[PDB]
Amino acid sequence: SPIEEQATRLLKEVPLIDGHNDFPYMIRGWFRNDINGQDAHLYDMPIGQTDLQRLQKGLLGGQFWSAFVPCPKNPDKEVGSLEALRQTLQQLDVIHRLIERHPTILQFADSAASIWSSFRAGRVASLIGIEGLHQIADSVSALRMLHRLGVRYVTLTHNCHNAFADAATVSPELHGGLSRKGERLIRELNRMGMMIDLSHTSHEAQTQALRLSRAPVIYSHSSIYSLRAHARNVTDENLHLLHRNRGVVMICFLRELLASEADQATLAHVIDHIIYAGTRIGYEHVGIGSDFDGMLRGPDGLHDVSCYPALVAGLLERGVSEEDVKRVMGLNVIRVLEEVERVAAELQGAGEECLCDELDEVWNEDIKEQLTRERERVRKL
């Protein structure tokens, strides 16, 4: 077919960068983060929608691998929050070990330049994101260390309210959008060069974040509200604010978010959602955010990671121009990460002050007086 060869050519010209895949949590469920002597299984998995053979087959250019851990359910809230931080480092560790053990397929990337150099070499550009601010355990210091470990976006919530923002699927509302801490964290996320992700957050939390953010944000895996009304989808109001923010909505393959009856969902619905957003706010603000391995079953035509060439061919079939299809594939999400890094370099270059944690006093006034007296003795030598 001439349309299939056009899709294959496009997939080789520019990287298709997917916004969210929970394959690291499947490794946690199945192998319990023990991948020693499991290459045969990692290439041909007995479960799920992702493995290293099907990842090659679908011609995927890049991937934001999710380092998700569940919302804490412990009665002791201190332990649950701290347990989420330890589990986050376990998931970041298995993502790094997965990339390092398969250097012919996967290559780590943390920037626009590293995505391209990975794509030139024929590798899947492997980026990292965390799915919820419950993962940092109220520590902005920890968040900066997660950035240093290679995390490049942060979903503000999952399916639970935290100290910073409101989740979409939980009622009643706690903060009514962002908290006062959340507003300060937006500045710190812009300063450090962390990409803001607004999937799983409430409509009011999106509206506030889009007006307050100085860098462009993403929806790593969310769909359109007008076509299918759901708390997880993006309203026409927030789509307009995403345009002004210069962000990208990466369309989700979740069957619940594409249609009212889940088993009726298809590839055509995903294309309808991409075209809706591309028509109304332009094709430079739409992306692909599968959420593969965050679901049991996918839509008809997008059952696993090998099906990306069908999506690219489907968009070209509807009359979306090559330049616009390339934008939806990856050029848009590259631009946002590029602009997030430029905004961070500007704010750091202008010596903007970082956000410090609420740290307890460790020394009493007796200890401080001994130390000051001791310093003045050294001055008198």
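Numbering starts at 1 and runs along the sequence shown.
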query: 56-64 set against 33-41, stretch whose average Cα temperature factor tops the other in the entry; finding: 33-41
query: Comparing 72-80 with 224-232, the one whose average Cα B-factor in the PDB entry is higher; finding: 72-80
query: Selection from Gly177, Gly193, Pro103, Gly289 [criterion: highest C-alpha temperature factor in the record]; finding: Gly177
query: Which of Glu131, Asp93, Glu183, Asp110 ranks first by CA B-factor in the deposited coordinates; finding: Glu183
query: Record-listed C-alpha B factor of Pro309: chain third; finding: middle
query: Third of the chain, ranked by Cα B-factor, where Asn332 sits; finding: lowest
query: Third of the chain's Cα B-factor distribution that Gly278 belongs to, per the entry; finding: middle
query: For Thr266, the third of its chain into which the C-alpha B factor falls; finding: middle
query: Lowest, middle or highest third - CA B-factor, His161; finding: highest
